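For reference, the structure is listed below as structure tokens.
Note: ideal-geometry Cβ built from the backbone for every residue, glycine included; neighbour counts use all protein chains shown. Read-outs throughout are calculated quantities, based only on the coordinates presented, and are distinct from any laboratory measurement.
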Amino acid sequence: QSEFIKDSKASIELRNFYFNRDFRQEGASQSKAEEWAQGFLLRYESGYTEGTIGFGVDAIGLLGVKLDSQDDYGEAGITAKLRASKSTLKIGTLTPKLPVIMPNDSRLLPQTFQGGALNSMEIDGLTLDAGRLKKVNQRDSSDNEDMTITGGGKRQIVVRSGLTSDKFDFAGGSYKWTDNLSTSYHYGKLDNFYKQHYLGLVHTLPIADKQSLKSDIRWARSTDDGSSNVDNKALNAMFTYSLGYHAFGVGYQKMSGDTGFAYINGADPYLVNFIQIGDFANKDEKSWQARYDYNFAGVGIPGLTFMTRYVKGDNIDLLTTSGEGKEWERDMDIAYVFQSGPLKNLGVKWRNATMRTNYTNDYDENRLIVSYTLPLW
């Protein structure tokens, strides 16, 4: 009980989420949206009881309330935790972080899942996972529901009418060959929707200090599971050369097969050119990204960061008409974290995006996220 209490943590987060969206047609505004919401996030994580098999429990209290634009939404979640040696089993509310499932947390409240998961690190450098998710609790929702696949746009994903799934199975692993090179292999199956094999290779190469080249290479094969037409290969890689407080990144992404990339509806796709508005994951879509980061600590104003990126996509199959679909997006992020004063740790982040296409709706979008986390101890 010494670790249980001592490793235990609790916190309350205040979270303010604002966004506006302007649909552009010609050089004019066709329509606008605005959402404003306040969040209260209560988190608790126990440590583990002593012994061969340790037990712990996590609890989550998420409350969202629309400020303007059911008014109240959110969820309460409990998770039982078991740990033997270096293997941990979790049952209940899960938020896995894997190439085959990246839960959304870009709005007010996180997307969460119900199920059971196993993470294992018994062997030096080897990390294994496996699990089953049964239900998803979307970010704007109040309870748990069957999962579906991300559809729409020109993804050209087609599914049996009314189809839903209460089984997403996953298993995988990753191995650190050196402290600079790891590879990963991950499997995910959304029952009746798709099967997916994800391969990864991450290489960080220090030229000197402080200079580094990170190579992030990825490849996923997705295939149908009886009741969809899913058929996709996704090659996507990012190269990020870091020097001092600058980082310059280049990304490449290519869809092929009869549909775009397959991923749980509501989640984020693990793709290098997935950005603020577009995922550039339509049928046949190829896209290139250029990204620049600067961290103002490099001078005066620690806690202030800048980021901008540009992504250009083409070769999109328009599906019902001939011709090449093209789209492009530019993002600009500015983020500040108070380093001192009574406001310390208060976080504020502005995310700005422009999306333009030659075939569908264009819009601009601004997000302001204000965040403050207070430990209860």
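Let me check I've understood the local charge: for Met238, count other residues with C-beta under 12 angstrom from its C-beta, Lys and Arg +1, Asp and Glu -1. What total comes out?
Its environment carries a net charge of +3.
For segment 218-234, what does the Karplus curve 6.51 cos²θ - 1.76 cosθ + 1.60, with θ = phi - 60°, yield as ³J(HN,Hα) per residue in whole Hz, taken in order and with x for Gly and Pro?
9, 7, 9, 10, 10, 9, 7, 10, x, 10, 10, 10, 3, 6, 8, 10, 10
Applying 1/(1 + (r/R0)^6) with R0 = 25 Å to the Cβ-Cβ distance of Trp219 and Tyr241, what FRET efficiency is obtained, to the nearest 0.05?
After rounding to 0.05, the efficiency reads 0.70.
Computed FRET efficiency, Cβ-Cβ of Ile301 and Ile12, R0 22 Å: what is it to the nearest 0.05?
With a Förster radius of 22 Å, E is 0.20.
Taking θ = phi - 60°, what integer Hz values does the Karplus form 6.51 cos²θ - 1.76 cosθ + 1.60 yield along segment 173-184, in sequence order, with x for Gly and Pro?
x, 8, 10, 8, 6, 9, 5, 10, 10, 10, 10, 9
Of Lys176/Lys210; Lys66/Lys326; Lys66/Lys189; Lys167/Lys349, which pairs sit farther than 24 Å apart, going by alpha carbon to alpha carbon?
Violating the 24 Å limit, Cα to Cα: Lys66/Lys326; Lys66/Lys189; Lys167/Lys349.
Please enumerate, by chain and number, the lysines with C-alpha under 25 Å from the C-alpha of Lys9, excluding those fewer than 8 residues away in the same chain.
Answer for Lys9, where 25 Å is the Cα cut-off: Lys81, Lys86, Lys90, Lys97, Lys344, listed by chain and number.
Taking only the Cα atoms of segment 7-377, how large is their convex hull per residue, in Å³?
Dividing the Cα hull volume of segment 7-377 by its residue count gives 162 Å³.
Pull up all non-local amide H partners of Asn345: gap of 5 or more, or a different chain, and H-to-H distance under 5 Å with H placed in the peptide plane.
The answer is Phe338, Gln339, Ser340.
Determine ³J(HN,Hα), in whole Hz, for all residues of segment 308-323 in sequence, where each value follows from phi through the Karplus function 6.51 cos²θ - 1.76 cosθ + 1.60 and θ = phi - 60°; x replaces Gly and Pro.
Values, residue by residue: 9, 8, 10, 10, 10, x, 8, 6, 6, 6, 7, 6, 10, 8, 6, x Hz.
So which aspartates and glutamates can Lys32 reach, going by Cα to Cα under 17 Å and dropping same-chain residues fewer than 8 places off?
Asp22, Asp68, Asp362, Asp364, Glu365
Amide H of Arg139 versus every other amide H placed in the peptide plane: which residues, excluding those fewer than 5 positions away on the same chain, fall under 5 Å?
Result for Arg139 returns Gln111.
Which residues' amide hydrogens lie under 5 Å from the amide hydrogen of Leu319, considering only partners 5 or more residues apart or on another chain, with H built in the peptide plane?
Amide H neighbours of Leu319: none.
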